[PDB]
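J.: Dropping a structure here in structure tokens format, bear with me for questions.
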Amino acid sequence: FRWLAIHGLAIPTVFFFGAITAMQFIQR
Amino acid sequence: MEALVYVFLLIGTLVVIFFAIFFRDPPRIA
Amino acid sequence: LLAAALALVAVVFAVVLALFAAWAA
Amino acid sequence: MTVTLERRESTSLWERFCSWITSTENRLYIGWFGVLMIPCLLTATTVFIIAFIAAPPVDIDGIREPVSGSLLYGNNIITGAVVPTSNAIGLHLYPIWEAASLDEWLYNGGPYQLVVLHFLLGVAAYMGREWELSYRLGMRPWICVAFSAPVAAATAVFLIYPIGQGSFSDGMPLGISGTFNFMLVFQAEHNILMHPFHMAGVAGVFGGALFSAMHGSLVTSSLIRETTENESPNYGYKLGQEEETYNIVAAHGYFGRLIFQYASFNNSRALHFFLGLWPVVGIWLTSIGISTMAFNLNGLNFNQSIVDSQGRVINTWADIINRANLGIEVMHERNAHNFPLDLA
Amino acid sequence: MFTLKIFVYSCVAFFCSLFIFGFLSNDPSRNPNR
Amino acid sequence: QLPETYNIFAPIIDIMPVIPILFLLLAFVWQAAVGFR
Amino acid sequence: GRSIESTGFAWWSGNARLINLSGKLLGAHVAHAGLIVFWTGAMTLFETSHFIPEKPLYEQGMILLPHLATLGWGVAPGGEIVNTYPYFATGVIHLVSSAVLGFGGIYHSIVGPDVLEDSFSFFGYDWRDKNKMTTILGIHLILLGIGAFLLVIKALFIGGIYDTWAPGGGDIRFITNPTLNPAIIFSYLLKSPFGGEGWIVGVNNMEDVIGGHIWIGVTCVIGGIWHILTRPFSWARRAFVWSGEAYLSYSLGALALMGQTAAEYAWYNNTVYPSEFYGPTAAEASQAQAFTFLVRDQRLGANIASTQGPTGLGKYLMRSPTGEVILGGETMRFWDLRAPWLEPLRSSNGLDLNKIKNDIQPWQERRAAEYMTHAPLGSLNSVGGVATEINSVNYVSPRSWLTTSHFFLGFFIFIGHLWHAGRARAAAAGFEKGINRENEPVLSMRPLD
Amino acid sequence: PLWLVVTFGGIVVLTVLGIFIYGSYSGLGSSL
Amino acid sequence: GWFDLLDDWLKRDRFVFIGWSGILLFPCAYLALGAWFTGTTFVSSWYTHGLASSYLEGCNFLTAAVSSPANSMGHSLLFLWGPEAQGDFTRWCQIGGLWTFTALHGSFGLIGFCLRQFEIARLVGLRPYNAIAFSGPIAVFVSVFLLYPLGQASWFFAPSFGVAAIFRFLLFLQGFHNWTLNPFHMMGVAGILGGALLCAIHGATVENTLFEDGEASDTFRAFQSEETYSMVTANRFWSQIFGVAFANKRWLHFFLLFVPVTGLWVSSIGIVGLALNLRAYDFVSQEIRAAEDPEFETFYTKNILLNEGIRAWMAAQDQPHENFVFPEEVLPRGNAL
Amino acid sequence: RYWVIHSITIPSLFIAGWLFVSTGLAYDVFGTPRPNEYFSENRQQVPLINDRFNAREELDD
Amino acid sequence: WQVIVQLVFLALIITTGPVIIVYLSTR
Ligand code: CLA
Ligand code: CLA
Ligand code: CLA
Ligand SMILES: CCCCCCCCCCCCCCCC(=O)OC[C@H](COP(=O)(O)OC[C@@H](O)CO)OC(=O)CCCCCCCCCCCCCCC
Ligand SMILES: CC1=C(/C=C/C(C)=C/C=C/C(C)=C/C=C/C=C(C)/C=C/C=C(C)/C=C/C2=C(C)CCCC2(C)C)C(C)(C)CCC1
Ligand SMILES: CC1=C(/C=C/C(C)=C/C=C/C(C)=C/C=C/C=C(C)/C=C/C=C(C)/C=C/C2=C(C)CCCC2(C)C)C(C)(C)CCC1
Ligand SMILES: CC1=C(/C=C/C(C)=C/C=C/C(C)=C/C=C/C=C(C)/C=C/C=C(C)/C=C/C2=C(C)CCCC2(C)C)C(C)(C)CCC1
Ligand SMILES: CC1=C(/C=C/C(C)=C\C=C/C(C)=C/C=C/C=C(C)/C=C/C=C(C)/C=C/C2=C(C)CCCC2(C)C)C(C)(C)CCC1
Ligand code: OEX
Ligand SMILES: [Cl-]
Ligand SMILES: [Fe+3]
């Protein structure tokens, strides 16, 4: 459950962080 | 003259406070 | 504005000041 | 010869006076700060009560349109208030003796200025008094800091904001509905909801209530069985006892299993420090927010921040809240403005 | 109106003097460890 | 703007005032390096 | 000692470990001064680097350059920034000096001795040594006096200072005849802080400013000499807590008060803070709007002295509670405003209606337009205008930044004052670490009831 | 070293946050 | 036994406790939180509110949200397999299925968390006061995020999960319901501010009546059945300062449980009221007086005017589906502004 | 020791999110309008959904 | 191309701190 929880929170967090950065460079 | 009722209620509250302060039963150490 | 105000202020202040001066002595 | 000069002055009259003033045997402590506090708060209270009940309408916006705030003039508890002084006066000191008559004084809103100044003085003195009694009783002296937060709030809405805006007529009205009015106008002209310090304040009060309920529930949960059934468990504690009245370990364990082990406090001193610190900091920040917005450094402006490729505005929630803000702005003090920009 | 001003001035000067000269009367010595 | 000479030193100056903040932060680093904090 | 075991303080309260270590404390102070001068230099060079020649200072987010311009460096008549080189000079000087102070700081903090009482006797001190403390106080007071005299010298002899009230628009001027009359100066000191009075913030001419600095220079020097060559009287020795933390708390209260005062200066004063550089005040901008539309509507054929507003009060012109002819609308609250672009139209009984009808100049209209369109209102992300305004103008007046920041600072500094004063008392009396379980005062007291 | 890890990680986090703040001034949501 | 083995495994002492309650709590909690992140990052609200709503579109943390469904959806549960989205995930997000998703999963999540409090309390052997205290927040969520929209036209008028969106919900309830005038809300405010007051004052009092149980200035390290602070000294202090003080620790801690929780419950009563538009909007006496007497004015009437402004202007932008058209001549406003 | 697999997966996920945005797959997945897709050449108004049970056909238009 | 210079200078200062600390941490 430790692995499942820690990864359950951490994996999507990194995914999303990458996504949002990429968004920082989207021009009009 | 609802003002009478408002004044009455306020005076009531303030009186309750007064007696709560100067007419409390004193705390006593064990 | 008027002299009366300064008179009273300095009066009370001097009174309490003297009280304090005696205490300090 | 060190720090404190430990010495006395031999049953003098002034020394007797100083002794009675600083006496810890008085039912209510009356320190030097109390020598300031008691008269100020008494004057403020008397004028407040008398005015809240029987004061005539006040020309708050200086536009010769008196607002009724007292009970004997058609108000109830919720709508009644002490109307802020006239905008024609601004930040001018307006004591009774500077008016031609008491009637004029009442018309221009003198009561508000009097009450506000006296109250702020007396409350500052109240803070100092908390320190003072703490010192007289050999306590640690930081209760007055905790209380410094609310004092800061009061000072913000009763003094600083009028200073920044140039008129006591912008000070918070001494009343319920008046308070709501103050809030709405403030939102219209500073967008306080979008100000991070106000968010910090909300965190302070929501969090404060949260931690209050949490601590309370935890300690109440772990109370040690010292009472009979159906009897008040409060009777299971006696004032002055040295034995702890609840199982601290059981509480810490419960909290530890509720979230995780290292999320819980073990040191009660740390816990209570946190309990004191969170809301006080929150309120500190919100008070600062009210004052700094009193100098028009307003909340975050995201109006029409999102544009499409063609160059058309794509609204967000900030634009909607801006619509509401606009409503309040255009509608408030309908007869006070002669020019298109509201700079005061 | 002037007499009122005189009165209030008297009161303020009085309590202010008591405050100032009061806190000058060796206040740090007013503690339970003295 | 800057004098034409020291023109070339524009970007570096852009970072100059941010340095005191770094010092504050550095304290914590120092402490964490010791064993406290 | 640099541990909890050796000192009693934790890593946070880490800085309290320096209370009785003269050397490292001196190092901390010097290094900190180094940081201050560092910021001064770096930020000045930043402002010089980002400055654009044909724009007002207050449109470019400058707070340091307006000070130098106020002192009279690189300014043309009217407030035009022509020469931006002396600013660069001051910035560079400060920066390099920051290198020096930094070196000294790091030295006394890490390299040098912890205690200056051993190897030295002039730079060593006990907090409980009243004479030494009053000596240091005297020295630094004399230094402050010297600084005041530096301003005085700069304004009397070396070029002069920018005068916004100068006969011919704002221009640098050498103050020939400063005000030395005690009646006037100390009239500032003993004056109400309320509307129409303004205490010391209500100073509106450089004669009174510089004369005031002459007085404060003399006062600081004489006081410095006084404290260097004397010892505190009995009453002061009895009334005060004599320790480092106590002194810290005193200076904290003082700096809080000063912070508030400075915020008020930035917000209301336009003499020491020229509107050409710092931008208009709130009052000035509101009055500028009223003036602007008074002019516009008068040009459209309206008799403004007779124009009745919706309320029944004057739409453009009314009276102040004491009779003076003032601008109408909300700006009635701001009738205490004094601005160089408006005073030409001022008479004995307030605004001169004749001059309003006939003698209003184009440059005055330009001033009013500029100022009402650069009012000190803006968001945290520097969106100019009222809270409901849309994203287009990138602007927040320097007055807002200065005043708000210094209120923040003054406020928290006051908090610090309460904290350290309280802890000073508790530590002096001896119960700052908790209540003595064997000597609890309350237990030795008669119950309240 | 734990402290070096915490420092590096902290710098990384602050860098990403800084990129977001920069993103408030560029591209979408910048009013440009 | 099978069930007994299940119970044994579920109630094992892990870094994160699970339990039966965990079976309900963790999935729903995870899905609610995740739906909020997913929505605030990628999903828009262009086809429901005509608003940009995500980081992908250019929203920041303050202006991003998971907005309420389109008004046309009514009180539809908006299942992914529902007759509205018909399995299509894209159309589901465009309709506003993420809102109902977040709301329902959040609700069952709250149920699961309260059940978790009960379960852990029973296992450890404590009194279940934490759960009760938590009944508070639940009442807030149920009344505001479920009952209020269910009373209204559709989920559209429920709060949108976001900062500025919540702000909108606030100003909406002010302008339309005069929510500040509602006595139940006033009791709520009393509860919260009173709670923060109690937290601060208790913390400060305990911290400043501490016993000297060490030599270090760091009083934290110096901490048993003995009280770490002097209750008697505290009592004396507040009795001489405020006139009244606590004397019973148990009563104190219960009190600072009771005040905020009660606040929440009361305000919830209010919100149900608003669900049916059963408002505390007006004081008929003052409205009649003001109607007959054009010189009579209170802060109440001033706020009524403010509400009218709010309603017009925002009405046009906040309810796009209504196609409200207010010519600039009918918009209420004062002179000049 | 445990930094290897993380040095192979954490940057991988980071880049995967980046690509999820840069390729524009996010737009297609969540139906989020591109900066040039808010208004077409035919519609100049906000495309609100009016039919509850026919939201698919309405969103298609 | 000015942005790269700015970020390089920034990187150098920012790194300057921790490097001094590490260097002294070895001795
Ligand atoms: C003249 C200025 C001055 C000086 C010399 C001191 C000196 C001292 N203070 Mg003090 N203090 C001050 C102002 C000052 N204070 C102010 C204005 C406040 C009110 C906020 C306080 C509140 C205060 C408390 C509550 C305490 C002290 C304590 C102390 C002692 C140890 C301090 C320490 O280790 O810091 C350690 C430094 C830190 C832990 C750094 C904290 C940084 C803060 C929390 C964030 C500030 C935000 C900042 C502006 C920028 C944000 C960062 C962002 C860019 C990322 C020391 C004698 C302690 C004491 O009594 O010991 C005897 C103590 O407990 N101070
Ligand atoms: C006669 C002895 C003497 C003298 C001349 C000084 C002088 C000074 N001390 Mg100092 N100090 C002394 C004894 C003395 N101290 C003692 C006995 C102690 C106890 C150990 C200290 C502890 C101490 C601390 C802790 C600090 C100082 C600081 C300062 C500086 C203040 C800078 C400033 O902004 O002021 C106001 C400045 C002006 C008004 C401008 C004009 C000032 C004069 C005219 C020239 C200044 C030029 C330059 C700064 C240094 C030259 C000064 C010298 C030629 C007199 C100044 C150089 C502070 C500092 O930053 O030091 C660098 C500081 O933090 N001192
Ligand atoms: C640099 C600042 C400074 C500091 C920290 C001190 C510190 C001290 N001075 Mg001192 N002094 C200074 C400058 C300074 N002085 C100057 C510049 C002069 C004149 C040239 C003097 C003249 C002086 C004398 C003649 C004496 C002291 C004394 C003292 C000691 C007692 C302090 C006391 O009880 O104050 C309390 C002070 C008061 C209650 C006076 C009230 C001030 C009046 C009311 C005017 C302020 C009204 C003003 C208009 C409104 C201000 C606004 C504000 C209230 C918000 C103390 C060590 C005494 C001592 O112990 O002997 C050495 C003493 O006899 N000082
Ligand atoms: C110059 C000094 C001026 C001081 C300021 C005046 C303070 C007045 C305080 C009055 C408290 C009255 C308490 C009554 C009730 C009473 O007597 O309780 C007494 C009670 C004592 O509790 P014990 O620990 O002794 O209780 C043990 C068992 O009896 C529990 O069942 O005190 C408290 O519970 C602490 C909470 C008091 C805080 C109450 C704050 C309420 C504020 C007033 C709100 C209405 C105001 C309306 C205005 C129109
Ligand atoms: C005590 C301590 C501390 C602190 C420290 C400090 C605070 C320091 C400072 C220091 C400093 C404060 C330093 C300074 C430096 C400076 C410098 C080094 C400068 C330089 C300059 C330059 C380099 C310039 C250049 C130029 C010119 C000449 C002009 C033109 C432009 C240019 C840029 C080219 C801490 C807490 C961390 C911890 C440990 C201990
Ligand atoms: C430059 C200038 C000027 C001038 C200025 C001056 C000359 C100033 C002065 C000032 C001053 C001259 C100030 C003073 C102040 C004082 C104070 C602020 C005090 C305080 C006090 C205290 C703090 C005390 C306390 C206490 C008590 C009360 C009780 C007992 C104990 C003790 C002692 C603690 C003019 C305006 C012309 C113009 C502008 C610029
Ligand atoms: C909806 C849905 C679902 C779900 C999904 C999910 C579950 C997702 C998740 C997601 C997630 C799970 C995400 C996450 C995110 C995270 C984030 C986005 C974070 C951020 C962070 C930040 C921003 C930071 C902040 C901070 C802190 C923490 C403190 C200090 C300061 C700072 C600022 C650093 C499914 C498929 C089942 C089904 C269908 C529907
Ligand atoms: C003048 C000049 C110069 C100099 C510069 C300098 C002086 C610099 C410095 C710099 C520095 C001085 C830096 C520092 C930094 C620091 C840091 C980077 C720290 C920290 C960070 C972080 C991120 C942290 C984090 C943490 C920890 C570790 C603990 C607590 C918790 C936390 C997580 C928050 C040069 C040579 C260039 C030349 C040109 C000009
Ligand atoms: O007075 Mn009370 O509220 Ca401050 O903003 Mn301008 O003035 Mn009136 O309008 Mn909006
Ligand atoms: Cl107006
Ligand atoms: Fe507790």
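For this deposited structure, the header notes the method as X-ray crystallography, 2.8 Å.
Cβ atoms here come from the backbone N, Cα and C positions, even for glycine.
Here Swiss-Prot flags D:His118 as chlorophyll a ChlzD1 binding site. Annotation source Swiss-Prot lists pheophytin a binding site at D:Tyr126. Residues or ranges marked as [CaMn4O5] cluster binding site by Swiss-Prot: D:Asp170, D:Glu189, D:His332, D:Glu333, D:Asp342, D:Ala344. Marked as chlorophyll a PD1 binding site by Swiss-Prot on the basis of sequence analysis: D:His198. Sequence annotations record features per position, and here Swiss-Prot assigns site 'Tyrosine radical intermediate' to D:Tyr161. According to Swiss-Prot, the feature site 'Stabilizes free radical intermediate' maps to D:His190, an assignment based on sequence analysis. Annotation source Swiss-Prot lists transmembrane segment at D:29-46, D:118-133, D:142-156, D:197-218, D:274-288, citing sequence analysis.
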J.: Short of 8 angstroms on C-beta distance to chain G, which of the listed recorded positions (D:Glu189, D:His190, D:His198, D:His332, D:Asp342, D:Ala344) are there?
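T.: From D:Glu189, D:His190, D:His198, D:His332, D:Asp342, D:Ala344, the ones near chain G are D:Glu189, D:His190, D:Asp342, D:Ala344.
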J.: Between the transmembrane segment (D:142-156) and the stretches D:29-46, D:118-133, D:197-218, D:274-288, work out which stretch tops the count of Cβ pairs under 8 Å.
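T.: Maximum Cβ contact count belongs to D:274-288.
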J.: Looking at the recorded positions D:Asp170, D:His190, D:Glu333, which ones have a CB within reach of chain K, meaning under 8 Å Cβ to CB?
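T.: Contact set vs K: none.
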J.: Within 10 Å of the Cβ of D:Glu333 ([CaMn4O5] cluster binding site), how many other Cβ atoms are there?
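T.: Excluding its own Cβ, D:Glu333 ([CaMn4O5] cluster binding site) sees 22 Cβ atoms within 10 Å.
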J.: To the nearest whole angstrom, state the Cα distance for the pair D:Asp170 ([CaMn4O5] cluster binding site) and the residue listed as 'pheophytin a binding site'.
T.: 25
J.: Among the recorded positions D:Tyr161, D:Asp170, D:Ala344, say which ones reach under 8 Å of chain B by Cβ distance, listed as they appear in sequence.
T.: none
J.: Ten-angstrom check, please: count other Cβ atoms within 10 Å of the Cβ of D:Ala344 ([CaMn4O5] cluster binding site), all chains counted.
T.: 26
J.: List those recorded positions among D:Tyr161, D:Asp170, D:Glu189, D:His198 whose Cβ lies under 8 Å from any Cβ of chain I, in sequence order, or write 'none' if there are none.
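T.: Among the recorded positions D:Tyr161, D:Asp170, D:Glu189, D:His198, not one has a Cβ sitting under 8 Å from a Cβ of chain I.
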J.: List the Cα distance (Å, whole number) between D:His332 ([CaMn4O5] cluster binding site) and D:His190 (site 'Stabilizes free radical intermediate').
T.: 14
J.: Select one residue from D:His118, D:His190, D:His198, D:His332: among these recorded positions, choose the one with the most other Cβ atoms within 10 Å of its Cβ.
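T.: Its Cβ has the most other Cβ atoms within 10 Å: D:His190.
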J.: Of the recorded positions listed here (D:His118, D:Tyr126, D:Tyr161, D:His190, D:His198), which is spatially closest to D:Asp342 ([CaMn4O5] cluster binding site) when Cα positions are compared?
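T.: That would be D:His190, the closest of D:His118, D:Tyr126, D:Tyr161, D:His190, D:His198 to D:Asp342 ([CaMn4O5] cluster binding site).
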J.: Any idea what the Cα distance is from D:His118 (chlorophyll a ChlzD1 binding site) over to D:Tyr126 (pheophytin a binding site), rounded to a whole Å?
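T.: A Cα-Cα distance of 12 Å.
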J.: In terms of Cα spacing, which of the recorded positions D:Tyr126, D:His190, D:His198, D:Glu333 are within 10 angstroms of D:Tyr161 (site 'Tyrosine radical intermediate')?
T.: none
J.: Nearest to D:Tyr126 (pheophytin a binding site) by Cα, among D:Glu189, D:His190, D:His198, D:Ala344 (recorded positions)?
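T.: The answer is D:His198.
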J.: Between the Cα atoms of D:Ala344 ([CaMn4O5] cluster binding site) and D:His190 (site 'Stabilizes free radical intermediate'), find the distance and write it as a whole number of Å.
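T.: D:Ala344 ([CaMn4O5] cluster binding site) to D:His190 (site 'Stabilizes free radical intermediate'), Cα-Cα distance: 12 Å.
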J.: Look up D:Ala344 ([CaMn4O5] cluster binding site) in the DSSP assignment and report helix, strand or coil.
T.: coil
